[PDB]
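*Asks:* Numbered according to the authors' numbering, the sequence shown spans residues 22 to 238, 240 to 252, 254 to 291.
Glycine is no exception: its CB is placed at the ideal position from the N, C-alpha and C atoms.
Take a look at the following structure, please.
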Amino acid sequence: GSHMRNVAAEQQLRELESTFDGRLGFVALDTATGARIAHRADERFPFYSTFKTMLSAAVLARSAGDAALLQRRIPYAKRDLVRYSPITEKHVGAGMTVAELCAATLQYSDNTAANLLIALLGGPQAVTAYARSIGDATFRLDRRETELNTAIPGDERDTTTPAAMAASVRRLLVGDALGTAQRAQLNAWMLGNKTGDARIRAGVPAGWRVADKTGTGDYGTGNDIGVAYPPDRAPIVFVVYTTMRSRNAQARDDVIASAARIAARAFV
Ligand SMILES: *[B]([O])([O])[C][N]C(=O)/C(=N\OC([C])([C])C([O])=O)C1=[C]SC([N])=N1
């Protein structure tokens, strides 16, 4: 890689942003060198479901000191279900274990699972407190699902910046924010994500393994965060936020894939 290639990538990101109505917020970090490719890196974006990575990390951190927490069963009823709860709607009554809730919220973006885990931790402010503990001064979780997805212009609730989220994803999945076993579990869950095949995954080479978490809001908006694990070189962190409002899902996913492709080109 080189600075010149990273500057070219940033120009290509600006050109990409001109292809849709809205803003692109992008950071990629090459962990072999620390090199960064950035576009609107310090602007706030609604994080939508990508916060579920921070949420699950906070649960895992608590589980490091409570060996039974991940097996604890949390009951809930049909009245507790919010919109888009494909896994939790199957287990109304006796409910699900904390580990199962984490897997559901990470791999299917299950919203009720997220709310149950937020309540487990003591409320949304506990997720913000966890972010502070790992060095993220920017992240703020103010609301629960599904209200946190409103994305009102100028509203800083339930936002972060691409730079702050990339730093947190790096520390969580590649670095020292969590203990060994918990870092590994977070990677395992995110490697098994079911919702992101058309986003960051679609922009990187086939042999790369991707651990990602998607987000989706109103009006065909979307985002994706994660780490790619190339087969014989160092991991690369990807954070792609947008305020894109699209006519269809394919257009939105193509922008996110393209942004990842631009950074992969610069770093290989
Ligand atoms: B998260 O951002 O993944 C939670 N997403 C949602 O609640 C919404 N949609 O869910 C679908 C489209 C199934 C998804 O792919 O995540 C959503 C749609 S509009 C809105 N405000 N939230």
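Give me the Cβ distance between residue 64 and residue 182, rounded to the nearest whole Å; I'm assuming they're in contact under 8 Å.
*Replies:* Indeed, because the Cβ distance is near 6 Å, the residues count as touching under 8 Å.
*Asks:* By how many angstroms is the C-alpha of residue 207 removed from the C-alpha of residue 260?
*Replies:* Straight-line Cα distance between these residues: approximately 15 Å.
*Asks:* Going by DSSP in three states, residue 73 sits in which element: helix, strand or coil?
*Replies:* Correct three-state label for residue 73: helix.
*Asks:* Buried or exposed: where does residue 24 fall if 16 or more other Cβ atoms within 10 Å of its Cβ makes it buried?
*Replies:* Exposed, since its Cβ has fewer than 16 Cβ neighbours within 10 Å.
*Asks:* Quick test of your reading: residue 129 and residue 96, contact by CB under 8 Å. State the CB separation rounded to the nearest angstrom.
*Replies:* Wrong, their Cβ atoms sit about 20 Å apart, outside the cutoff.
*Asks:* Decide if residue 110 is buried, meaning its Cβ has at least 16 other Cβ atoms within 10 Å, or exposed.
*Replies:* Looking at its Cβ environment, which holds fewer than 16 other Cβ atoms inside 10 Å, residue 110 is exposed.
*Asks:* Just to confirm, is the Cβ distance from residue 79 to residue 148 under 9 Å?
*Replies:* Yes; because the gap between Cβ atoms is below 9 Å, this pair is in contact.
*Asks:* Per DSSP, what kind of secondary structure is residue 153 in: helix, strand or coil?
*Replies:* DSSP places residue 153 in helix when its eight states are reduced to three.
*Asks:* If residue 265 and residue 237 are in contact, beta carbons under 8 Å, what's the gap, nearest whole angstrom?
*Replies:* 11 Å between Cβ atoms; not a contact.
*Asks:* Name all residues in chain order for which at least one heavy atom of ligand 1 lies closer than 7 Å to the residue's CB.
*Replies:* Answer in sequence order: 69, 70, 104, 105, 130, 132, 166, 167, 170, 216, 235, 236, 237, 238 and 240.
*Asks:* For the beta strand (DSSP E) that residue 50 lies in, which residues bound it at each end?
*Replies:* Unbroken beta strand (DSSP E) run through residue 50: 45–51.
*Asks:* I want to know whether the region 165–172 touches the region 193–208 - three or more CB-CB distances under 8 Å.
*Replies:* Short answer: they don't touch.
*Asks:* So what does DSSP say about residue 108, is it helix, strand or coil?
*Replies:* Three-state result, residue 108: coil.
*Asks:* Does the count of Cβ pairs from the region 33–48 and the region 274–282 closer than 8 Å reach three?
*Replies:* Yes: the two stretches touch, three or more of their Cβ pairs being nearer than 8 Å.
*Asks:* Would you grab the beta carbon distance between residue 192 and residue 155 for me? Rounded to a whole angstrom, and I think it's under 8 Å.
*Replies:* Going by Cβ atoms, the distance from residue 192 to residue 155 rounds to 6 Å, so yes, they are a contact pair.
*Asks:* Going by beta carbon distance, what residues of the same chain come within less than 8 Å of residue 251, once the five residues before and after it are set aside?
*Replies:* Taken in chain order, the residues that qualify are 229, 230, 231, 232 and 258.
*Asks:* Is the region 206–222 in contact with the region 73–89, if contact means three or more CB pairs nearer than 8 Å?
*Replies:* Segments in contact, yes.
*Asks:* Thinking C-alpha only, which one of 116, 146 and 113 is nearest residue 72?
*Replies:* Nearest of 116, 146 and 113 to residue 72, Cα basis: 146.
*Asks:* Residue range of the beta strand (DSSP E) that residue 94 falls in?
*Replies:* That run of the beta strand (DSSP E) goes 94–97.
*Asks:* Can you tell me where the beta strand (DSSP E) with residue 247 in it begins and where it stops?
*Replies:* First-last of the beta strand (DSSP E) with residue 247: 244–251.
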